[PDB]
Ligand SMILES: [Mg+2]
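Protein chains in written order, with the entry's author numbering: chain H, 630 to 767, 792 to 921, 938 to 1016; chain Y, 920, 940 to 967; chain B, 727 to 871; chain D, 544 to 793, 799 to 1024; chain W, 765 to 873; chain C, 421 to 946; chain P, 2680 to 2754, 2763 to 2832, 2860 to 2874; chain F, 2047 to 2098, 2112 to 2194, 2212 to 2221, 2231 to 2338.
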C-alpha cells in the first residue's frame, strides 16, 4: 500500500516523502537495537527499488498453499472455538478440499456453522460440513455393436496395462458412462514418481506396447474391417515415443548419437511442444526406417500378449458388457480368477 | 530490427543465373 | 577524414592515455594512430562481445581467452595481415597504407589503417575497377593463410 | 412554435407506435381493462436527417405535457464528476414537473459500451452509471415518466441501457418511401410558391433514396434558382435539374480527354446492347461527377437475380466481355500507343469476374469442373446485420502445385480470349460505334432508346439476328 | 547512368539509382496498366493496386510537388475503403517467371 | 457569515446523500417503504433462501448465535444486466425492518477534491450510529474499480481516496459488535479490486444466472396474474417459456406487458399463443421482411431448394426434417431446410447424441431412407453427406446443362473437399490405409508461445506419395455421379415438392408431407 | 542473409505497428481458422476439431432440464447430478475414446451453414458510380428501386 | 563518500512531458556541491535508447514526397557507405547501415542457423506464418503434471487472448440478447483485429524523445571540478551513437 514504485498517483512529495522517511528511520541514523519491521505482502515485485536495497528489506519469505494435513491442522486449531465436533475423522475431509486456501477453509466452516444452525441444531456435525457443497452447487440408448467395440477396446488396453511390469495402477475402466458416448481407462496418478528420474529403454517399449494394445484387441476380436478411428490418441502417443527414442536419445543404431528433437514446456492447449531440426532426405529416410521397425515390433508383441490371454480377455470384456464400469480392484480379481499370464521382467 | 538483410521475390530460374554470376565473380577474384 | 572539433579533443585525451601506456609523457603521432586503432577495435569488440556470445578477446584469463595467445595462432595472424597489406600495395590506385598492426587490444585479428582522399570521388562515386580491386584485397588474407 | 403528428411525412408505423404512447399518456382508459402498465423507454433508431427531434416534439405536443429537451453532448465534460450532476438535476426537475417526456439527442456518443480503454473511461463510464440508476434505479420509479433517445445504431450502445425495463419500445426512422416522398414533396411546398403543371408522382419516383432534409434542400435550391432567374416560383423542368444536380453534383475537361470518355462509353453501350444476356441500357453520360473521374453507363436492374441470386454462367461470360469492351474500343479507335490509364479499375473488375468463375465450380478443368472451388471458404460479418464477406484459403493441402499453374493458365485464357472476342465484335460494328460516339459528343448524355435505335439501324446483320433470337427470354 | 557509362567507358553506381526507378515503372507498365503483350493481349491475372497515403502514419513537409515521380501519381486512383479491396491469388512461380520476363523485355528494349 | 460560509458549503458538499428507508422520517409522519416483499421474486429460490436465513439471523435470532453462526457482513450480487438484483435489494429493504441506506457508486466523486472520502465517512458514520443497519451501494463499478497503473487524473485521485476510505471504513468494523451489513450489485464484477474481495471486507459474492426453463415459466406465471388469456394458460405458458431461451426477467415482463397492449390495440379479448410467438419473433429479430416476388428466377430457386430437400430426406443417418421454407422472413437470408430442435426431441424421448448412434443401428428408417441389418461406419455415414450438397447443382446441370449453372448452388459444392479430405486422410478408417503399420502420417508437434505450429520432421513427401489428393478426387467424382443419378430418378418428386411449396399459405411445407410426396411417387426411366 | 521468399503472399504491405492497415491481419485470422479445422485440431492427438466432453454434458443437461420442466408442470435425480459432475472433472484427459466425428460436421457445416441460403451473391458492374466502393461511400444511397432493395456484395478475399 | 541512484527513477513521462529529466539535472548540480565525491548512476540505457529510411512507402502507398535528385543522392551515398566504410575510424562504427556489422553480430552471438526444410504447409523452415501484429528433460512423459474462485476465474476468462482462433456465428445470428452476453472479440474477426491494432499503436506511440537534454546535461559535467561519475549499463550496443562520441561516454570498462 505504501511501498509502491515511483511514477504512481503522486507528485513525488507525499508518497515519496513517507517512504523516504521510512528509509531515514531504517538506515540513516540506525539505533534500532531489537526492532524488527515485519511487512506482509503478496506482490513482491511492486516494492520500490530503494526499499529492498541491501539492509532495508532483504529477507523475503514465501508461504505455500495449504495442503491436505496443513488444512487439516488449520481446521483443528480453528476447532477450539464453538460447540465443535467431539471427535470425527476430518483428515480425509481435506481430500474433498482440493484447491482451497485458508480463507476458503474459514468461509466454509462459517457456512457450515450457519447451516447447522439452519438445521435447528445447537451443535455442528460432520456431514453438514459437506453441506457446504449443498449450497454452491445450486432400455439402452446405445446399439449393440458400438457397445461391443468400445468394450473390446477398453478390455484390451486394461489387460495389457495389467500384465506389464512397472506400469501404473488401473483406477477405473468404464464404457459409455451415464449413456454418454465415450470410454476411458484411467490410471492412478502417483507423486512418488520423481520426473527427474530417467527412463530406460524397456520402460519406454512397455509403454509403446500398452498404447497399441487396444487397437490390436479390436483387430483380433472383430476383424480389420470393423476398426474405427477411436484409438487415435493412443496411436499418436506411441508415435511420439518411437520418434523421441530415435531422435532424442540416440537409441537407433543407424542414426547414432545425434540430437534432432527437444521437448520444451509452454509458458504456463497442450503443456509442451518440440524444437526440431531441418533434415535432408537421406537423414530423414534413415530415421523413418527405424521408427517403422520399432512400431511394427511393438505391434507384434501386443498381439502375442493378447493372444496368450484369450480367456482373461473374454472374461474382462463380458464383465464390461454387463456392468459398463468396473474398478481396478475388480479388474485384478477378474483377471486372476481366469489365469492371467504376466510378462517376464529380465532385470 | 533467423536474421535476414536482403529479400528477393524473383523466380527460381532467374535466381539460378544471378547466383551463378556472383559465384564466377568470386572465383575470378 | 570525417572528424570534427569534439572528435579531435577527445582524440587528444585518448592519445595522451595511449602515450602513457608506452611509458612516455610527450604525445607522438604514433600515439594518435594507436588511439584511432584503439577506438576502432574497441567499437568492434563491443558489438561482437555482448550479453554472452563473445569468443574474440584473447587476454582475459577466463576459460574463453587464453593468456599468452599460443604461437601457432600468432604466425597465422601475421600471415593474414601480411597477405592483405601486400595485395593492397601492388594494386594500382588503391588507398594508401598508414599503419599495419597485429593483435590490437589482444583480439585475434589484424588492423590496417588506410588513408584515403575525399576529393577523388566525393563521398558518392564507385567505379567498377575499384570494386574489383577491393574484392581481391579482401580475399588475399584467406588465400595467403 | 408547437408541432403535431400531422407535420411529419411518412413513418406511418412510427406514427402508430407513438400514438400508442400518447393514448397511454393523456387518456389511459383502454389500458385499465387491458391490465398493462405504460412503457418507460422509447428508442428512435435511424439515419440522421429524417426528423428524430421533430417527432419527439410532436409527441410531446399531442400528449400536451412538458418536454425538457437535452442532448448527450451537454453531458460530455472533462471535469471530475459533473456528468452525473447534470443527469441528476435534469431528472430532479423532470420529477418535479411530472408528468413529462425526457428526450436525449446524441445518445450514441455517450452510451457506448463500457471498457478499459483510455482515462476517459474513468469518468465517461461513471456518467453512464448515473443514467443506469435513474430510468430503473431504486425508489422503484418516479412517475412512469417517458424517456426517449436519438441514436443511429442500437448495437453500439451497451446491453445495460437498451435492455427492456429501461427502453421498452424501439422504433425505427427510415428514409422516405414512395408514399413518404409523394407527400413530402407537396408538404414542403405548401409554404412555397409553385405553379400548377406539376405531377408529384414523377418527383416521388424520380428522387428515391434521399433523406427528408435533402428534400427540403432541393426545394430551397429550386426556390433560390428561381430567385436568381427573376421568377418567384419554379415549374417542373428546373426543379428536376435542381434534384439531378443534388444527386450527381455540378470542373473543366479538355477536348482531347473528352473523346476518350466518349469512345469508351460508346463501346460499353454497344457491347451491353449487342450481347443477349445483358440487361438493356438506361442512360450513358460522359460528364464526370464529384467522385467518379470518368463517364458512366448504367444498366437496368434485373430484379430476378437481385432478389434470388440466380446468376447463371452465360451471364458471367458476357459480363467479362462487357468489362473489357472499354479498353477494346479505346485501342480500336485511338491506336494502340494511346491506351490510357482510364481502364485500371475495369481491369481489376475483369479479374474479379474471371476468378469468381473458377472459385464457383465452373471451370473446364476435369479435376475442378463441377466438384470444387479453389480452397476453403470462411465467412465473416460486415458492418450490417445480414452482410457477410467470403474468404478462400488455398494451401498445399488442397492444390497440388500443378493445379496452381492450371488455374492461372485457365483464368488468363478467359481474360485474353474475352478481350479478343469483344475486339472482333466491335470491329464488325464500326459504323454504330462511331455514330454513338458522335451523338454522345454532341449531346453529352443520352437515353437507352437512342442507343437502341442507332444500333438497330446501323449494326451488323448477324449480330442483330443473334440479338433478336434471344429477345423475349425472361432470364438467361 | 547510361550517359555516364558512355562517357567514362566504365560502369558506376550511378546506374544503381536509375534502374531502381525504372524497374518500378516497368512493373506498373506490365501489371497494373496493361500495356504489354503478356498473354496475347496485355491482360495479366494479378496486379498490385496502391493504397492511399491516409493509411501511413504520416507527416507534412513544406516542399513543392515533385516533377515526375509525384505528378505521375495523379493518374492512379488508390484504394481508400478496406472491405472493397481486390487482390487476386498470387502467381505460381511458373507464371511469375513469364511475367517478370515481360518486365525484362520492356527494360531491355 | 465569513468562513463557516465555506465550511457549511463543505459539510453540505460532503454530507451523505444516501436515501434512508424503513425508518420514520419526522417531517410529515411518513416513512419510505419499498412495497415489495419476498414473494414478488420468481425463480431465484436459492438466493431468496439465503437472504431469508440472513434476515432471520440479523433480526433477533438467538438461534444462529446459538451455534456461533455470524452473518457475512459483506455481500456482492453479480450477473448479466436484467436479472433483477435491485428488486431483490428492494425486497430485502422491505422485509428487514432496519435502517436501509440506498446509494450509488456514481455520486461520491464530484466537483472538488476530498469530497468522496468525506461522503463515505458521513454515510458510514450515520450508519454505524444506527446499528444494526443495511447499506446498499449499487453499481460499485465506479468506486471499487481496480487501481490502475498510471493516469494523472484528479478524478482518479478522488477514486483512490474514496476506495481506500471505503476499505478502512469496512475495516472500521473491527469490533464485531457493530452489525452493519453491506451489499453491492454489479455486472462488471471482474473489474473490481482484489483488496475488496479479501476476507473480512467482502466475504461472499453471489452470481445470478439467466433463468432456466423452470424459472422462466415461474416468472411468466407471476407476471401474467391480472391479464386475459385465451384457453388454458398453462399450455400457452409452457410454450412461450420453452420458446424464449436466453431471455432475462425484464424481457419476459416487458413481453407480457406489450402482449396485453397489443391485445387491446386491435380489439381482441384474450391473448392467443400465436400472437405471443409473433411477439417473440419480432422482439428477437425486428421487422419482418417481405417475400420474394414471383419471377422466372423464383421458379429456379424453388427447384434447387426442392432438390436439396429431397436429397436431405433420402440420406440415411440424418435427424428428422421439420419443415422446408421458401420465405424465412429475414433480410439477407433465403429459403431454408429446418431440422428438429432440442424441444421436439425432448418431447419425443430421443437421445441427445443420436446422429452419432445412427452410425451403428441396423434396422431403422429416419425420414425416407431405410437401413437394414448392417450399419454404416463413419465412412459411408459421413461420405453420404456429399450427395445433398451436390443436389442443387445436379438439378441445374441436368435440366439445363453447364450454361444454366448458377452462383446459387456454388457455396454448398465449395464445401465438399473438406469433408472428403476428412474421410480420406484424418478419419483413419479409409479401406486403403487400414492395413499399414501403425505409423501416424499426419502429425503436428505443437504451438509455441508466439503461436506457431510445427510439423513432424520425418514427413518429407508423405502427402505426395501416399496419394491423398487423387483419393479425395475419386471420392468426389463418385459422389457427383451418385447425385446425378439421384436427381435423374426423383425428377417427378422434385418437380412436385417445388410446385407444392410455391403454392402454400406461408410458403412452407412440413417434413411429413415432404416424406409422403417422396414415398408415393414412382421412379423415373433414366 | 538473403531470403528467397518461399511460402507467403507476394506483395504484402506492413501492419498497424508500422502502417495502420488491417487487411493482412484479417486474412491471417482465416488462415488460423483453416489450420485448426483441417490440419491440426485444438490439441495434440485429435483427428480434427471435436465436440468437447463439456459440450456433450451440456447437451445432456439442457435436454434433461427441458424434460423435467415439461413433465413437472404438466403432470434417481441427485445421483445423476453427482456422477455427472464426476465425469465433468475428467474433461482434460487427452486419452478419451471418441469413436465418430459426424456430429461436428452436422452441427458446423449443416446447421450453421448450407441448411440456410445467403441471397446477396453478386451484382452487375454498371452502377450509378464507377465503383462499389464509391456507391457505398456515397451520401444518400443507391440501393432502392415497389422500391425493392438491390444490394451489391462485399469483395472476396483470396489468401494462398 | 559515495552517492548512488538509479536511472529508472527518472524515466517518468506523462502527456509527453518527462518530469524526471530535470530532476536529474537538479541532482547533478547538487552532486556538484559536495566535492570530492563519486556519483554512481546505474542502468543508463533506460534514458539512453536509440531515437528512431523506408522504401515500403513508395512501394505500396505511393507517397513519393521527394525530389528525384535528393533520392538519387541518398542512393549514391548509401551504396558507397555500405561498401567502403567497413572498419574505418569514426566513419564506420556501430552502424546498422553496414551489413557486415550485422553478420559479425549474428556470427558471434547467435547459434548456427540452419537451411530451409523439405516440408509443405510451412513457410521455409519448420514453422507457420508468424503473427501479423505483435502484442533439462528428455521426453514428454516428464511434462504432464466463493469470492476468489468465481471472480478471478471469470477475470481470466474475459481477457483478450491473441492466440485464440475465432468462433463462427450460425449465419442466423444468436437472437438479440444472447449476442450481448458474448465478448465481441470472440466471434468477430474485424473486432479482434481492431482491438489488437489499437493496442499496438498505443504502445508504440510512447516514444517521447528525451536524448537531447540528457546529452546537454552530460556535456554539462565537464565544467565542474573534483568529482567523478560512473554510468553503468548492461547493453552498450543498443545505446544511441549520440553518447558514444568522444567527449560524452567513450571511456568504457
Ligand atoms: Mg439495476
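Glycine included, C-beta positions come from ideal geometry on N, C-alpha and C.
Measuring only from the beta carbon, is residue 862 of chain C closer than 7 Å to any heavy atom that is part of ligand 1? No, ligand 1 has no heavy atom inside 7 Å of this Cβ.
Tell me whether residue 506 of chain C, by its Cβ, gets closer than 7 Å to a heavy atom of ligand 1. Ligand 1 has a heavy atom closer than 7 Å to the beta-carbon of residue 506 of chain C.
In the segment 2721-2745 of chain P, which residues sit with their C-beta less than 9 Å from some C-beta in chain H, listed in chain order? Hits within the stretch, in order: 2721, 2722, 2723, 2724, 2725, 2726, 2732, 2735, 2736 and 2739.
According to DSSP, which residues form a beta bridge with residue 498 of chain C? Paired residue(s): C:606 and C:627.
Contact list for the segment 919-946 of chain D against chain F, Cβ threshold 7 Å: Result list: 928, 929, 943, 944 and 945.
Relative to the C-alpha of residue 564 of chain D, which candidate in D:712, D:953 and D:641 has its C-alpha closest? Closest by alpha carbon: D:712.
What ranges does the alpha helix (DSSP H) occupy inside the segment 958-1003 of chain D, keeping only unbroken runs of at least 4 residues that lie completely in it? List check, alpha helix (DSSP H) in window: 978-991.
Tell me residue 612 of chain C's beta-bridge partners as DSSP assigns them. Residue 612 of chain C pairs with C:565.
Residue interval of the beta strand (DSSP E) (run including residue 851 of chain B): If you look at residue 851 of chain B, you'll find it isn't in any beta strand (DSSP E); DSSP assigns it neither H nor E.
Less than 8 Å separating the beta-carbons of residue 438 of chain C and residue 543 of chain C? It is a contact, given that the beta carbons lie within the stated cut-off.
So if I threshold CB-CB distances at 9 Å, which residues from the segment 806-820 of chain C count as touching chain D? Listed in sequence order: 810, 813, 814, 816, 817 and 820.
Using 8 Å for Cβ pairs, my map puts residue 560 of chain C next to residue 514 of chain C. What's the rounded Cβ distance? Wrong, their Cβ atoms sit about 22 Å apart, outside the cutoff.
Kindly list, in the order they appear in chain H, the residues whose Cβ is closer than 9 Å to that of residue 2748 of chain P. Chain-order list of chain H residues neighbouring residue 2748 of chain P: empty, with the shortest C-beta distance near 16 Å, by a criterion of under 9 Å.
Could you spell out where the alpha helix (DSSP H) holding residue 469 of chain C opens and where it closes? Segment 465-477, the alpha helix (DSSP H) holding residue 469 of chain C.
Alpha carbon to alpha carbon, how far is residue 868 of chain C from residue 2237 of chain F? Give it in angstroms, no decimals. Going from the Cα of residue 2237 of chain F to the Cα of residue 868 of chain C covers about 25 Å.
Which listed residue (D:706, D:659, D:775 and D:716) has its alpha carbon closest to that of residue 566 of chain C: Nearest of D:706, D:659, D:775 and D:716 to residue 566 of chain C, Cα basis: D:659.
Cβ shell of residue 2299 of chain F (< 6 Å), same chain only, five flanking positions each side left out: Closer than 6 Å at the Cβ level, and outside the excluded window around residue 2299 of chain F, lie 2093.
Hey, is residue 2802 of chain P's beta-carbon within less than 8 Å of any beta-carbon in chain D? Cβ-Cβ to chain D under 8 Å: no for residue 2802 of chain P.
Classify residue 694 of chain H as helix, strand or coil using the three-state DSSP reduction. Coil, per DSSP.
DSSP state of residue 928 of chain C mapped onto helix, strand, coil: Here residue 928 of chain C sits in strand by DSSP.
Just to confirm, are residue 842 of chain B and residue 826 of chain B a CB contact at a threshold of 8 Å? The Cβ atoms of residue 842 of chain B and residue 826 of chain B lie no closer than 8 Å to each other.
Give the interface partners of residue 813 of chain W over in chain D, defined as CB-CB distance under 8 Å, in chain order. Within 8 Å Cβ-Cβ: 892 and 896.
Determine which residues of the segment 687-715 of chain H have a Cβ less than 8 Å from any Cβ of chain C, and write them out in chain order. With the criterion set as a beta carbon lying under 8 Å from some beta carbon of chain C, the members of the segment 687-715 of chain H are 710, 711 and 712, in sequence order.
Whole runs of the alpha helix (DSSP H) within the segment 745-792 of chain B, excluding any shorter than 4 residues: As far as the segment 745-792 of chain B is concerned, its whole alpha helix (DSSP H) runs of at least 4 residues are 755-774.
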